[PDB]
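Chemist: Here it is, the structure in full.
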Amino acid sequence: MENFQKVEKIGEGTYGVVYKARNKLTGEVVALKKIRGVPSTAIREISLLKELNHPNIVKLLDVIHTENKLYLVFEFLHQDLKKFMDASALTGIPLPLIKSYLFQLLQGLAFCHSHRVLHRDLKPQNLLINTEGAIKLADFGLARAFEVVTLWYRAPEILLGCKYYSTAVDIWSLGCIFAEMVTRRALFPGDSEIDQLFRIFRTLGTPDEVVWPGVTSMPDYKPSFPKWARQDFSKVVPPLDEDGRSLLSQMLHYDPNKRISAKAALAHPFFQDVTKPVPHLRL
Ligand SMILES: COc1cc2ncnc(Nc3cccc(O)c3)c2cc1OC
């Protein structure tokens, strides 16, 4: 913490505050994260993430454990997807770029998932982009090792009390982000766990044993939940073509076991014509 000249506070996260900082030694600019004695288990878990390198994952540079304090040093990126989406609010993000970012994110998740590492809290603020047209996932693996908290991207099984969620929860969140980029409106903007759940039910229909075997036996499932019918996807995400809609529906299946995997999603027809355009960024 003495070797860094904190520039600005980049924002608070689920596990701590992140600052843009300059390494007094190397002179390099990095993202410094102060985790909110430090469990040895976490120490070892973190060290593991340090050897998890991939083009679409924010690189963990150093783990500083001193004075019973824990700081993580990450590579610094140009902007986050939420800020980019806001700046593109009036015209929306061009489809070629949306398709490019989704393709890369799926590559990143396929990599994490193959190493059995889940995110569990994907959201646009956690996705970082640079001037080169790349996009990377931040916070990967911190959930395992370690007021107004956004619930918009949380999978149904987590809201229903399932304690052993799988990699499928990340696919759900990505599905929600995908729809948001296309329509420019959050898909399920709930303000509470039950409101979130009901917004999901009102759009995709109240789940039952037919579409999701075992759902009525979930810890927080109530037989008294209202019975809403499923809406047409053409209504939910109007501007998306049929290949896009078919992919999205597979990412938003209620049953975690039927939900498409990142690996299989990479082979979907939607990515047939994928390219890598450069975004116009205002830094
Ligand atoms: C130019 O702005 C930003 C640049 C960033 N560069 C690297 N990491 C970030 N965040 C990060 C890294 C690991 C865990 C975590 O919770 C968050 C950033 C966020 C920014 O803006 C929000």
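Naming works like this for the structure tokens: A, B, ... for the chains as they're shown, residue 1 at the start of each chain, ligands 1 onward in shown order.
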Pull the helix (DSSP H, G or I) assignments for range 165-283 of chain A out of DSSP run on the backbone, and list those residues as an NGL selection string.
Modeler: :A and (168-183 or 193-204 or 215-217 or 233-236 or 242-251 or 262-265 or 269-271)
Chemist: If we count only C-alpha atoms and set the cut-off at 6 Å, which residues sit around range 251-266 of chain A, ignoring sequence neighbours fewer than 6 positions away in its own chain? Please answer as a list in words.
Modeler: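 Everything that qualifies: residues 106, 110, 168, 171, 172, 175 and 212 of chain A.
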Chemist: Can you spit out the residues from that selection as a tab-separated table (two decimals), in the first residue's frame, using N, CA and C atoms?
Modeler:
chain	number	residue	atom	x	y	z
A	106	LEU	N	-18.05	-15.47	-23.76
A	106	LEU	CA	-18.29	-16.91	-23.72
A	106	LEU	C	-16.97	-17.67	-23.72
A	110	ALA	N	-16.06	-20.17	-20.81
A	110	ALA	CA	-15.72	-21.55	-21.15
A	110	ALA	C	-14.39	-21.92	-20.49
A	168	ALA	N	-23.91	-22.89	-14.62
A	168	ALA	CA	-25.09	-22.40	-15.32
A	168	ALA	C	-25.59	-21.05	-14.82
A	171	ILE	N	-24.16	-18.38	-17.10
A	171	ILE	CA	-24.78	-18.33	-18.41
A	171	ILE	C	-26.07	-17.49	-18.34
A	172	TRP	N	-26.81	-17.65	-17.24
A	172	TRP	CA	-28.05	-16.90	-17.05
A	172	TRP	C	-27.77	-15.41	-17.03
A	175	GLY	N	-26.91	-14.12	-20.24
A	175	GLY	CA	-28.10	-14.02	-21.07
A	175	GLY	C	-28.80	-12.69	-20.83
A	212	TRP	N	-39.28	-27.55	-15.29
A	212	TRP	CA	-38.15	-27.59	-14.35
A	212	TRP	C	-38.38	-28.64	-13.25
Chemist: Name the residues in contact with residue 157 in chain A at a cut-off of 10 Å, using only C-alpha atoms, excluding same-chain residues fewer than 6 positions from it; report them as a list in words.
Modeler: residues 163, 164, 165, 166, 168, 169, 197, 215, 218, 219, 220, 221, 254, 255 and 256 of chain A
Chemist: For the selection you just gave me, I'd like the residues written to a file as an mmCIF file, in the first residue's frame, keeping N, CA, C and O atoms.
Modeler:
data_model
loop_
_atom_site.group_PDB
_atom_site.id
_atom_site.type_symbol
_atom_site.label_atom_id
_atom_site.label_comp_id
_atom_site.auth_asym_id
_atom_site.auth_seq_id
_atom_site.Cartn_x
_atom_site.Cartn_y
_atom_site.Cartn_z
ATOM 1 N N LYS A 163 -28.561 -24.105 -2.646
ATOM 2 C CA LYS A 163 -27.253 -23.798 -2.068
ATOM 3 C C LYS A 163 -26.073 -24.239 -2.924
ATOM 4 O O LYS A 163 -24.978 -23.702 -2.789
ATOM 5 N N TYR A 164 -26.290 -25.211 -3.801
ATOM 6 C CA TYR A 164 -25.211 -25.696 -4.645
ATOM 7 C C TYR A 164 -25.421 -25.328 -6.098
ATOM 8 O O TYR A 164 -25.764 -26.182 -6.910
ATOM 9 N N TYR A 165 -25.220 -24.060 -6.434
ATOM 10 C CA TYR A 165 -25.385 -23.629 -7.814
ATOM 11 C C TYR A 165 -24.203 -24.081 -8.675
ATOM 12 O O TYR A 165 -23.140 -24.429 -8.164
ATOM 13 N N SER A 166 -24.401 -24.069 -9.988
ATOM 14 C CA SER A 166 -23.382 -24.501 -10.934
ATOM 15 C C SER A 166 -22.940 -23.383 -11.865
ATOM 16 O O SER A 166 -23.334 -22.231 -11.704
ATOM 17 N N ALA A 168 -23.913 -22.887 -14.618
ATOM 18 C CA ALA A 168 -25.093 -22.402 -15.318
ATOM 19 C C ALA A 168 -25.594 -21.049 -14.816
ATOM 20 O O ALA A 168 -26.328 -20.363 -15.530
ATOM 21 N N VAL A 169 -25.220 -20.652 -13.598
ATOM 22 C CA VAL A 169 -25.673 -19.353 -13.103
ATOM 23 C C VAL A 169 -24.999 -18.224 -13.885
ATOM 24 O O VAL A 169 -25.572 -17.148 -14.034
ATOM 25 N N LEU A 197 -37.757 -12.206 -8.616
ATOM 26 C CA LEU A 197 -38.305 -13.501 -8.981
ATOM 27 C C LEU A 197 -39.602 -13.347 -9.771
ATOM 28 O O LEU A 197 -39.795 -14.000 -10.795
ATOM 29 N N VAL A 215 -38.312 -28.154 -9.138
ATOM 30 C CA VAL A 215 -38.534 -26.770 -8.729
ATOM 31 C C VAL A 215 -39.434 -26.595 -7.501
ATOM 32 O O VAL A 215 -39.140 -25.757 -6.648
ATOM 33 N N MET A 218 -37.677 -26.699 -4.091
ATOM 34 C CA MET A 218 -36.606 -25.747 -3.803
ATOM 35 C C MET A 218 -36.897 -25.138 -2.431
ATOM 36 O O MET A 218 -38.055 -24.932 -2.069
ATOM 37 N N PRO A 219 -35.849 -24.832 -1.653
ATOM 38 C CA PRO A 219 -36.011 -24.249 -0.318
ATOM 39 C C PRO A 219 -36.972 -23.067 -0.192
ATOM 40 O O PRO A 219 -37.772 -23.019 0.740
ATOM 41 N N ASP A 220 -36.907 -22.118 -1.120
ATOM 42 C CA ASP A 220 -37.777 -20.946 -1.033
ATOM 43 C C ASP A 220 -38.966 -20.939 -1.981
ATOM 44 O O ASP A 220 -39.579 -19.896 -2.200
ATOM 45 N N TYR A 221 -39.295 -22.091 -2.548
ATOM 46 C CA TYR A 221 -40.435 -22.165 -3.451
ATOM 47 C C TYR A 221 -41.727 -22.189 -2.634
ATOM 48 O O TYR A 221 -41.801 -22.867 -1.613
ATOM 49 N N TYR A 254 -35.092 -22.285 -17.520
ATOM 50 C CA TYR A 254 -35.228 -22.375 -16.065
ATOM 51 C C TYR A 254 -34.340 -23.465 -15.457
ATOM 52 O O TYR A 254 -33.589 -23.213 -14.523
ATOM 53 N N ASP A 255 -34.426 -24.673 -16.001
ATOM 54 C CA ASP A 255 -33.640 -25.804 -15.504
ATOM 55 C C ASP A 255 -32.158 -25.588 -15.800
ATOM 56 O O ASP A 255 -31.748 -25.564 -16.963
ATOM 57 N N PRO A 256 -31.334 -25.436 -14.752
ATOM 58 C CA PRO A 256 -29.891 -25.225 -14.899
ATOM 59 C C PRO A 256 -29.238 -26.315 -15.751
ATOM 60 O O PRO A 256 -28.243 -26.070 -16.433
#
Chemist: Rounded to one decimal in Å, what is the spacing between CA of residue 52 in chain A and CA of residue 105 in chain A?
Modeler: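 So the two atoms, CA of residue 52 in chain A and CA of residue 105 in chain A, lie 15.4 Å apart.
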Chemist: Using only C-alpha atoms and all ligand atoms, find each residue in chain A having at least one atom no more than 9 Å away from ligand 1; report its shortest atom-to-atom pair and that distance in Å (one decimal), rows by chain then rising number, as a Markdown table.
Modeler:
| residue | atom | partner | partner_atom_place_in_ligand_line | distance |
| --- | --- | --- | --- | --- |
| A:10 | CA | ligand 1 | 22 (C) | 5.3 |
| A:11 | CA | ligand 1 | 22 (C) | 6.0 |
| A:12 | CA | ligand 1 | 16 (O) | 7.5 |
| A:13 | CA | ligand 1 | 16 (O) | 5.0 |
| A:14 | CA | ligand 1 | 16 (O) | 6.8 |
| A:15 | CA | ligand 1 | 16 (O) | 6.8 |
| A:16 | CA | ligand 1 | 16 (O) | 7.0 |
| A:17 | CA | ligand 1 | 16 (O) | 7.6 |
| A:18 | CA | ligand 1 | 17 (C) | 6.2 |
| A:19 | CA | ligand 1 | 18 (C) | 8.2 |
| A:20 | CA | ligand 1 | 4 (C) | 7.3 |
| A:30 | CA | ligand 1 | 7 (C) | 6.9 |
| A:31 | CA | ligand 1 | 7 (C) | 4.8 |
| A:32 | CA | ligand 1 | 12 (C) | 7.7 |
| A:33 | CA | ligand 1 | 14 (C) | 6.7 |
| A:58 | CA | ligand 1 | 8 (N) | 6.7 |
| A:59 | CA | ligand 1 | 7 (C) | 8.5 |
| A:60 | CA | ligand 1 | 13 (C) | 7.8 |
| A:72 | CA | ligand 1 | 13 (C) | 7.8 |
| A:73 | CA | ligand 1 | 13 (C) | 8.1 |
| A:74 | CA | ligand 1 | 7 (C) | 5.9 |
| A:75 | CA | ligand 1 | 7 (C) | 5.4 |
| A:76 | CA | ligand 1 | 6 (N) | 3.6 |
| A:77 | CA | ligand 1 | 6 (N) | 3.7 |
| A:78 | CA | ligand 1 | 1 (C) | 4.3 |
| A:79 | CA | ligand 1 | 1 (C) | 3.9 |
| A:80 | CA | ligand 1 | 21 (O) | 5.1 |
| A:81 | CA | ligand 1 | 22 (C) | 8.7 |
| A:82 | CA | ligand 1 | 22 (C) | 8.5 |
| A:83 | CA | ligand 1 | 22 (C) | 8.1 |
| A:125 | CA | ligand 1 | 22 (C) | 6.2 |
| A:126 | CA | ligand 1 | 17 (C) | 6.2 |
| A:127 | CA | ligand 1 | 19 (C) | 8.2 |
| A:128 | CA | ligand 1 | 18 (C) | 6.5 |
| A:129 | CA | ligand 1 | 4 (C) | 8.4 |
| A:130 | CA | ligand 1 | 1 (C) | 8.9 |
| A:137 | CA | ligand 1 | 12 (C) | 8.4 |
| A:138 | CA | ligand 1 | 13 (C) | 4.7 |
| A:139 | CA | ligand 1 | 14 (C) | 4.0 |
| A:140 | CA | ligand 1 | 14 (C) | 7.6 |
| A:142 | CA | ligand 1 | 14 (C) | 8.0 |
| A:283 | CA | ligand 1 | 1 (C) | 7.8 |
Chemist: From the DSSP assignment of the backbone, select every residue of range 1-189 of chain A that is strand (DSSP E or B), and format the answer as a ChimeraX atom specification.
Modeler: /A:4-12,16-23,29-35,57,60-66,69-75,79-80,127-129,135-137
Chemist: With only C-alpha atoms as the counted atoms, please give the residues lying no more than 8 Å from residue 243 in chain A, apart from itself and same-chain residues fewer than 3 positions off, as a count of residues only.
Modeler: 4
Chemist: Set the distance at 8 Å and use only C-alpha atoms: which residues neighbour range 228-237 of chain A once local chain neighbours fewer than 3 positions away are removed? I'd like the list as a ChimeraX atom specification.
Modeler: /A:179,182-183,201-206,240,245,249
Chemist: Please write the residues from the selection above to a file, keeping N, CA, C and O atoms, as an mmCIF file, in the first residue's frame.
Modeler:
data_model
loop_
_atom_site.group_PDB
_atom_site.id
_atom_site.type_symbol
_atom_site.label_atom_id
_atom_site.label_comp_id
_atom_site.auth_asym_id
_atom_site.auth_seq_id
_atom_site.Cartn_x
_atom_site.Cartn_y
_atom_site.Cartn_z
ATOM 1 N N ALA A 179 -29.372 -9.457 -23.548
ATOM 2 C CA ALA A 179 -30.662 -8.831 -23.854
ATOM 3 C C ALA A 179 -30.632 -7.325 -23.603
ATOM 4 O O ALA A 179 -31.211 -6.552 -24.359
ATOM 5 N N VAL A 182 -28.859 -5.366 -26.376
ATOM 6 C CA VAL A 182 -29.697 -5.287 -27.565
ATOM 7 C C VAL A 182 -30.865 -4.312 -27.455
ATOM 8 O O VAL A 182 -31.091 -3.506 -28.357
ATOM 9 N N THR A 183 -31.602 -4.373 -26.353
ATOM 10 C CA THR A 183 -32.765 -3.508 -26.179
ATOM 11 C C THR A 183 -32.490 -2.193 -25.455
ATOM 12 O O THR A 183 -33.309 -1.270 -25.506
ATOM 13 N N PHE A 201 -40.707 -14.515 -13.534
ATOM 14 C CA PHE A 201 -41.908 -15.323 -13.752
ATOM 15 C C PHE A 201 -42.886 -14.665 -14.718
ATOM 16 O O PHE A 201 -43.464 -15.339 -15.568
ATOM 17 N N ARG A 202 -43.073 -13.354 -14.602
ATOM 18 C CA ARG A 202 -44.005 -12.651 -15.490
ATOM 19 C C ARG A 202 -43.595 -12.653 -16.960
ATOM 20 O O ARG A 202 -44.444 -12.545 -17.844
ATOM 21 N N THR A 203 -42.298 -12.776 -17.223
ATOM 22 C CA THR A 203 -41.789 -12.781 -18.593
ATOM 23 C C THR A 203 -41.657 -14.189 -19.152
ATOM 24 O O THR A 203 -42.146 -14.484 -20.239
ATOM 25 N N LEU A 204 -40.998 -15.063 -18.403
ATOM 26 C CA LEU A 204 -40.772 -16.431 -18.857
ATOM 27 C C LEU A 204 -41.840 -17.431 -18.416
ATOM 28 O O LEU A 204 -41.811 -18.592 -18.823
ATOM 29 N N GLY A 205 -42.774 -16.977 -17.585
ATOM 30 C CA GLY A 205 -43.826 -17.853 -17.104
ATOM 31 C C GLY A 205 -43.444 -18.491 -15.784
ATOM 32 O O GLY A 205 -42.268 -18.756 -15.531
ATOM 33 N N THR A 206 -44.424 -18.737 -14.923
ATOM 34 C CA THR A 206 -44.117 -19.355 -13.645
ATOM 35 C C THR A 206 -43.689 -20.780 -13.918
ATOM 36 O O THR A 206 -44.420 -21.544 -14.534
ATOM 37 N N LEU A 240 -33.722 -8.327 -32.050
ATOM 38 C CA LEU A 240 -32.825 -9.463 -32.273
ATOM 39 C C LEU A 240 -33.348 -10.464 -33.315
ATOM 40 O O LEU A 240 -34.525 -10.827 -33.297
ATOM 41 N N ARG A 245 -32.324 -14.838 -30.912
ATOM 42 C CA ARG A 245 -33.384 -15.221 -29.985
ATOM 43 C C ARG A 245 -33.310 -16.675 -29.562
ATOM 44 O O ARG A 245 -33.619 -16.996 -28.421
ATOM 45 N N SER A 249 -32.849 -17.754 -25.645
ATOM 46 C CA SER A 249 -33.784 -18.635 -24.946
ATOM 47 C C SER A 249 -33.069 -19.835 -24.317
ATOM 48 O O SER A 249 -33.461 -20.304 -23.252
#
Chemist: Give me the residues of range 155-208 of chain A that have any atom at most 12 Å from an atom of range 85-99 of chain A; for each, the nearest atom pair and the distance in Å, rounded to one decimal. Use only C-alpha atoms, sort by chain and number, and format it as JSON lines.
Modeler:
{"residue": "A:177", "atom": "CA", "partner": "A:98", "partner_atom": "CA", "distance": 10.3}
{"residue": "A:178", "atom": "CA", "partner": "A:98", "partner_atom": "CA", "distance": 7.7}
{"residue": "A:179", "atom": "CA", "partner": "A:98", "partner_atom": "CA", "distance": 10.0}
{"residue": "A:180", "atom": "CA", "partner": "A:85", "partner_atom": "CA", "distance": 9.2}
{"residue": "A:181", "atom": "CA", "partner": "A:93", "partner_atom": "CA", "distance": 6.8}
{"residue": "A:182", "atom": "CA", "partner": "A:93", "partner_atom": "CA", "distance": 7.4}
{"residue": "A:183", "atom": "CA", "partner": "A:92", "partner_atom": "CA", "distance": 8.0}
{"residue": "A:184", "atom": "CA", "partner": "A:92", "partner_atom": "CA", "distance": 6.7}
{"residue": "A:185", "atom": "CA", "partner": "A:89", "partner_atom": "CA", "distance": 9.4}
{"residue": "A:186", "atom": "CA", "partner": "A:85", "partner_atom": "CA", "distance": 11.2}
